[PDB]
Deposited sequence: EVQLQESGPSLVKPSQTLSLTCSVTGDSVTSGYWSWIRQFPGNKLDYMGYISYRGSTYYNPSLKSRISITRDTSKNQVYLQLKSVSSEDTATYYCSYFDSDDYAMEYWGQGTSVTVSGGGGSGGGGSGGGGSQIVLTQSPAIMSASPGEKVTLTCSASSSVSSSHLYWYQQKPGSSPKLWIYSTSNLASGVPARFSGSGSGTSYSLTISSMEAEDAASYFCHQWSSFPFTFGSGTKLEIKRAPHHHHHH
């Protein structure tokens, strides 16, 4: 019912202002949040901020100074403006829609890459180890996520990503599979310790898996575990 598409320049000069647009299509909505999320070289996901259905904004403290997220509802668009960019802002930028009245779904755009030529805060860090893992098909596979402080298990999510594709919501609220996910997948955990399991590894499960916490602000993502198959 909802599609998002990011657009804007692929290249920006240092100290310039990065501007991106998110064109929203599909069905009309009565609530929710439009979030900008970017993914660095190396694949770390960074939660930037959102604008709600009532125009409320939240900005990650580490950007607070430089960022604004606005809407133009008559033309169904949401905007990202980032001032004073540097090489550290080089990333793929995604917009995403979520309705907290429906925990089980999240929509992402395709993502658009951008290369570049205030206020304090705190964050839960999420560690996924190992960073890379190989397994044979048929093996039972377990990926872990360790949070530096407790998080609510209803707000611990997992994503899958394949090369040339945006993250898809894989598990929500620790143990609930999302639409599109085979039932060989499971999840479990609590407090600071969470896991994702594949009962039997299929070839199509080779992908990157990120955990994600939106129990505490700013929401954060783990560094990811890249899961590979064995046998060339």
Regions of the deposited sequence not represented in the model: 118-127, 243-249
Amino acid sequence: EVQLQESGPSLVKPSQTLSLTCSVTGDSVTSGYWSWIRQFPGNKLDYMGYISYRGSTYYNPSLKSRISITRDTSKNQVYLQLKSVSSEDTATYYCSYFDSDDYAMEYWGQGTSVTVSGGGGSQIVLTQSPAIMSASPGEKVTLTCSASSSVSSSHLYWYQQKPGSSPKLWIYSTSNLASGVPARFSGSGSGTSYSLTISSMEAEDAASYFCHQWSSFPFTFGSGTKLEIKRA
From here on, numbers count along this sequence of modelled residues.
Segment of higher mean CA temperature factor, 215-223 or 18-26: 18-26
Mean C-alpha B-factor comparison - 82-90 and 124-132, higher one: 82-90
Peak C-alpha temperature factor (PDB record), options 52, 199, 43, 173: 43
From 110, 148, 96, 142, residue of greatest CA B-factor: 110
Residue 105 by Cα B-factor - lowest, middle or highest third of the modelled chain: highest
Assigned third (lowest, middle, highest) for the C-alpha B factor of residue 168: middle
Third of the chain, ranked by Cα B-factor, where residue 56 sits: middle
Residue 63, C-alpha B-factor rank within chain (lowest, middle or highest third): highest
Residue 115 by Cα B-factor - lowest, middle or highest third of the modelled chain: highest
